[PDB]
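Visitor: Pasting in a structure now, in structure tokens, and then I'll have a few things to ask.
No Cβ is skipped: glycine too gets one built from the backbone with ideal geometry, and neighbour counts run over all protein chains shown. Values quoted throughout were computed directly from the atomic coordinates according to the rules given, and no laboratory measurement underlies them.
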Amino acid sequence: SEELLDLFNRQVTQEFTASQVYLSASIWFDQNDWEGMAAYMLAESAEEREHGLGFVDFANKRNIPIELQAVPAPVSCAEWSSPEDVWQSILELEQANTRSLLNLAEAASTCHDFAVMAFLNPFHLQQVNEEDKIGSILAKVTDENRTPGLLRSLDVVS
Amino acid sequence: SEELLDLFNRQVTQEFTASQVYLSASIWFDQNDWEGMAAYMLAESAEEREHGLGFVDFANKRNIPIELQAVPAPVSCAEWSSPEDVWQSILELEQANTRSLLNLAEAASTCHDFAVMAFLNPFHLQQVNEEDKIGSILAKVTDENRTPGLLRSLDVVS
Amino acid sequence: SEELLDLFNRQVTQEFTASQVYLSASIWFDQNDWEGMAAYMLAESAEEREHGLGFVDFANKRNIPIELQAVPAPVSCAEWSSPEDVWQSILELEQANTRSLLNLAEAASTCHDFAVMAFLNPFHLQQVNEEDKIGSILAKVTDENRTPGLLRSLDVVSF
Amino acid sequence: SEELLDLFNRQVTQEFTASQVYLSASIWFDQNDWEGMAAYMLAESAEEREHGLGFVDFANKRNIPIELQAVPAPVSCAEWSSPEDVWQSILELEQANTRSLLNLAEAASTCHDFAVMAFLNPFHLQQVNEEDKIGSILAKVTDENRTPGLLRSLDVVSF
Amino acid sequence: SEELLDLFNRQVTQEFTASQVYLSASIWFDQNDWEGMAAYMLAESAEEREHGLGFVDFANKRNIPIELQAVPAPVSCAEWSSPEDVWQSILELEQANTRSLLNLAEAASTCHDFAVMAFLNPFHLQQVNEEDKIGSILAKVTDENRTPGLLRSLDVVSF
Amino acid sequence: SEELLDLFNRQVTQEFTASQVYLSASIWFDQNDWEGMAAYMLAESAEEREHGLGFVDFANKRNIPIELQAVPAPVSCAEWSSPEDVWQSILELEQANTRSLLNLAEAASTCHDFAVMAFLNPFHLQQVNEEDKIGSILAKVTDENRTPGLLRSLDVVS
Ligand SMILES: [Fe+3]
Ligand SMILES: [Fe+3]
Ligand SMILES: [Fe+3]
Ligand SMILES: [Fe+3]
Ligand SMILES: [Fe+3]
Ligand SMILES: [Fe+3]
Ligand SMILES: [Fe+3]
Ligand SMILES: [Fe+3]
Ligand SMILES: [Fe+3]
Ligand SMILES: [Fe+3]
Ligand SMILES: [Fe+3]
Ligand SMILES: [Fe+3]
Ligand SMILES: [Fe+3]
Ligand SMILES: [Fe+3]
Ligand SMILES: [Fe+3]
Ligand SMILES: [Fe+3]
Ligand SMILES: [Fe+3]
Ligand SMILES: [Fe+3]
Ligand SMILES: [Fe+3]
Ligand SMILES: [Fe+3]
Ligand SMILES: [Fe+3]
Ligand SMILES: [Fe+3]
């Protein structure tokens with residue numbers, strides 16, 4: 001349960017970290033005139049923060065102490081030079097989100113914390129949906145960027 | 001305040017001059033079967049004239065003498081051979097608009113003309129928005145035009 | 001014909017020239033506290049501009065090359081000292097608009113340009129209405145201004 | 001700065017002073033059977049008071065101490081014998097309102113009080129509109145009063 | 001100017017930092033069963049974030065480079081033992097927010113960045129309103145806490 | 001009737017004087033974070049001015065010469081150190097209002113000015129209502145202030 005409490009706290013930090021990485025992606029896309037991709041990243045930035053807020057709320061109700069940690073500066077953004085790079089980082093971000101939730105769930109299972117397991121169930125399912133959606137967009141971006149200018153049409157229309 | 005009155009009068013001319021350049025761009029686009037880009041230019045031509053009329057109305061209220069100058073014929077059209085050339089000239093036009101507004105604000109600031117500075121505030125913010133939008137369209141135009149026919153396909157879906 | 005093309009192109013200039021003369025009239029009226037007359041002129045300024053855009057749009061469709069000319073400074077304001085002077089210049093301006101359209105239609109007739117003649121028909125009729133309306137306003141202004149202050153009383157009530 | 005605080009506090013007095021001068025104008029107009037002009041003045045009296053309350057409310061929020069001063073007796077009525085005299089005093093009053101606001105904004109600028117400058121922006125623009133409107137009414141009144149009875153005819157129709 | 005750009009970038013960090021301090025206040029309140037005060041702090045956490053996004057959006061449009069900085073761990077919460085302590089840190093936070101906006105506007109003034117000054121105007125006015133509201137809540141919290149249990153009684157009704 | 005015309009003119013001044021004292025109370029309350037009491041005072045400041053305007057309108061109709069006097073600066077604010085002090089001064093203000101209306105009615109009665117007495121009737125009844133309301137608020141304020149913080153709790157619920 002000490003491990004559970006420590007991981008629950010780190011999960012807040014993870015959600016807020018992810019929020020900031022999505023924000024840096026939104027900024028990179030806007031700077032490079034990919035306004036449609038930027039709006040998607042901005043929406044996820046708000047949603048990851050809300051996820052973090054949901055964990056905080058559950059923890060307060062369940063007497064899991066929360067100590068808010070620094071949210072580190074997002075760093076992958078230094079390296080991005082095409083939309084494909086940005087989507088690839090976002091995929092890895094969500095894969096790491098998924099792994100941290102599964103690790104938290106396994107800590108909860110070990111100490112028979114059925115309430116935490118129940119709380120995590122809709123998050124496990126949303127991660128399935130999200131990794132699928134991001135993986136698909138990444139495939140489409142990679143394919144369309146094979147012809148000069150063509151990826152600009154993904155952004156403008158969809 | 002002489003400088004302020006002079007610059008305020010020149011700003012009207014600048015707005016009507018830009019309205020004419022936008023009309024020239026709309027004609028070039030229509031002649032070359034870019035009806036969607038032509039519609040955008042025609043809307044901006046009307047907006048610029050409305051801005052000129054706004055300055056005229058304020059000047060009349062505040063007793064800033066207005067002497068309507070000739071609106072010079074647009075010339076940049078003679079060098080346009082692709083939509084990228086046209087959008088680049090429109091970007092330069094809006095950048096010149098922005099600079100003329102900043103110089104006018106500075107002349108107002110110098111003679112403590114708070115009412116003129118207050119009047120200009122929404123125009124300064126509008127120019128921020130417009131330069132961003134124009135700069136973004138130009139980047140998309142330049143990229144899409146890397147593939148024969150692709151730019152055409154995205155005039156039509158707009 | 002080359003002549004119809006030139007005149008069609010000049011017609012755009014005439015409509016924008018008229019738009020600017022109307023704006024100049026609105027400014028004189030506003031500066032001199034005739035806000036009702038000023039509103040009328042501002043409405044016409046917008047409408048003349050709309051007429052010019054209608055000509056441009058037809059030209060683009062019909063492959064009549066358009067080259068936008070300078071829109072001259074409106075200079076009639078130099079001799080405006082009363083509302084009657086302004087309305088007289090406005091009458092002359094609409095008389096010139098009408099003549100310009102008639103000359104254009106004559107060039108179209110000479111080269112059998114039935115589409116241009118058909119396009120101009122509603123504008124010929126509008127000019128009839130407009131010259132009549134401006135001529136009547138000028139008569140009213142001229143008459144009311146025979147008594148001090150009376151013309152003011154009717155900028156306020158009307159327009 | 002101490003100067004911005006003093007001027008901000010004086011601005012409340014100026015708005016209430018103006019409110020009372022407008023009420024005095026409404027009374028002169030009512031006593032002399034210009035009920036249309038009187039209504040206009042009464043509307044402005046209420047509005048100037050509302051402007052003063054807006055300044056007080058901002059001051060309270062921003063911890064600018066307000067000490068309410070005497071609102072002087074409006075004395076311009078002593079030389080009012082025609083509507084033109086009243087409108088001329090009203091023009092001068094709004095010209096003073098504008099100067100007062102500009103002096104305030106200058107003190108705010110000098111001490112980098114961006115919040116006070118931002119607060120004043122809509123009032124600077126309102127003063128532009130108001131000076132223009134009063135200047136125009138004064139011109140109309142002055143012109144119509146050149147013919148006996150004519151100005152009356154336009155208190156009734158308008159205002 | 002490059003400096004103004006740095007101060008603009010740091011204002012984003014300032015807003016996100018404030019967001020997290022408001023979140024830490026919400027947590028302390030919830031942990032101590034002050035759910036009403038907690039909800040208020042959560043609302044401000046969202047709003048401070050929204051302000052930071054507004055700055056980011058303006059910067060992207062105006063080509064002001066945005067580099068997202070670390071958001072430091074909130075530390076004041078280690079020291080809070082009563083709602084009065086928390087409200088006092090929140091007041092200092094907003095006072096700090098106000099000072100940093102004024103310093104940014106001053107940098108903008110120095111380099112004639114009229115667009116930046118215009119953008120900031122609503123935020124200056126919002127800080128005036130917010131400091132007033134927080135200052136007032138703190139004063140009520142301080143007063144009500146003089147009687148055991150009374151403060152509780154007004155987390156429950158108000159908030 | 002000289003006395004009546006004099007008192008009628010002094011009544012306008014009294015109403016505007018009370019409007020200013022109410023504004024002063026609203027400022028003291030706002031400065032001391034009693035926003036609910038401040039709102040009440042601000043509403044009364046507007047009402048008193050409306051009463052003054054009512055007297056002005058009647059006077060103009062009935063040809064009672066009106067000469068607008070200075071509206072003196074409120075001074076009672078200098079001695080206010082708690083809400084009870086403020087409410088006590090407002091009670092005294094309304095009591096003075098009532099007395100000035102009664103004296104004016106008496107002067108009207110003496111010169112048989114039935115129209116002025118009829119005009120005053122709803123104001124006499126309004127003052128009855130207002131003195132009762134103010135007297136009642138003062139009693140509640142005085143009682144609630146016996147316990148630290150308790151008065152504050154009841155400004156907020158109003
Ligand atoms: Fe999502
Ligand atoms: Fe989602
Ligand atoms: Fe996500
Ligand atoms: Fe635009
Ligand atoms: Fe626009
Ligand atoms: Fe534009
Ligand atoms: Fe017309
Ligand atoms: Fe016409
Ligand atoms: Fe028409
Ligand atoms: Fe007004
Ligand atoms: Fe006014
Ligand atoms: Fe108004
Ligand atoms: Fe730097
Ligand atoms: Fe930098
Ligand atoms: Fe740096
Ligand atoms: Fe807020
Ligand atoms: Fe807010
Ligand atoms: Fe805030
Ligand atoms: Fe850096
Ligand atoms: Fe009342
Ligand atoms: Fe009442
Ligand atoms: Fe009362």
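Visitor: Within segment D:33-92, take every residue that is of a type outside the set (D, E, K, R), within 14 Å of chain E (Cβ to nearest Cβ) and in a helix (DSSP H, G or I) and give me the one that is nearest to ligand 22 (Cβ to nearest atom).
Guide: Among residues in segment D:33-92 that are of a type outside the set (D, E, K, R), within 14 Å of chain E (Cβ to nearest Cβ) and in a helix (DSSP H, G or I), the one nearest to ligand 22 (Cβ to nearest atom) is D:56.
Visitor: Here is a follow-up. Please go through segment E:65-92 and give me each residue that is more than 20 Å from residue E:134 (Cβ to Cβ) and crowded, with 19+ Cβ neighbours inside 10 Å, ordered by number.
Guide: E:66, E:68, E:71, listed by residue number.
Visitor: Suppose we filter segment F:16-46 for residues that are more than 12 Å from every other protein chain (Cβ to nearest Cβ) and under 28 Å from residue F:105 (Cβ atoms); how many remain?
Guide: Number satisfying all stated conditions: 3.
Visitor: I'm checking my understanding of the structure. Among residues of segment D:1-45 that are of a type in the set (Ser, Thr, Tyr) and in contact (Cβ under 8 Å) with a residue 24 or more places away in the chain, which one is farthest from residue D:92 (Cα to Cα)?
Guide: D:1
Visitor: List every residue pair whose Cβ atoms sit under 7 Å apart, with the two residues 6 or more apart in sequence or on different chains, where the first one lies in segment E:140-159 and is facing chain F (nearest Cβ under 10 Å) and the second, anywhere, is β-branched (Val, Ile, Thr).
Guide: Matching pairs, first to second residue: E:140/F:156; E:147/F:147; E:151/E:141; E:154/F:156; E:157/F:157; E:158/F:156.
Visitor: Which condition from (1) closer than 23 Å to residue D:117 by Cα; (2) in contact with a strand residue (DSSP E or B) (Cβ under 7 Å, 6 or more places away or on another chain) is the one that residue B:70 breaks?
Guide: For residue B:70, the failing item is (1).
Visitor: Given the criterion in contact (Cβ under 8 Å) with a residue 12 or more places away in the chain, acidic (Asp, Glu) and more than 17 Å from residue A:43 (Cα to Cα), identify the matching residue among A:85, A:113.
Guide: Step by step, each of A:85, A:113 is checked, and only A:113 is in contact (Cβ under 8 Å) with a residue 12 or more places away in the chain, acidic (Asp, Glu) and more than 17 Å from residue A:43 (Cα to Cα).
Visitor: Can you tell which of E:116, E:128, E:75 is in contact (Cβ under 8 Å) with a residue 60 or more places away in the chain and of a type in the set (A, V, I, L, M, F, W, C)?
Guide: Just a single option satisfies the conditions, and that option is E:116.
Visitor: Out of C:121, C:97, C:103, report the one residue that is more than 14 Å from chain D (Cβ to nearest Cβ) and free of Cβ contacts under 8 Å to residues at least 60 places away in the same chain.
Guide: So the residue among C:121, C:97, C:103 that is more than 14 Å from chain D (Cβ to nearest Cβ) and free of Cβ contacts under 8 Å to residues at least 60 places away in the same chain is C:121.
Visitor: Let me ask something else about it. What number of residues in segment B:1-46 are over 26 Å from residue C:43 (Cα atoms), aromatic (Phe, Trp, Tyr) and in a helix (DSSP H, G or I)?
Guide: Residues meeting the conditions: 2.
Visitor: Restricted to segment D:1-10, and to residues that are assigned to a helix (DSSP H, G or I) and surrounded by fewer than 23 Cβ atoms within 10 Å (Cβ to Cβ), which residue is farthest from the chain's Cα centre (by Cα)?
Guide: Selected residue: D:2.
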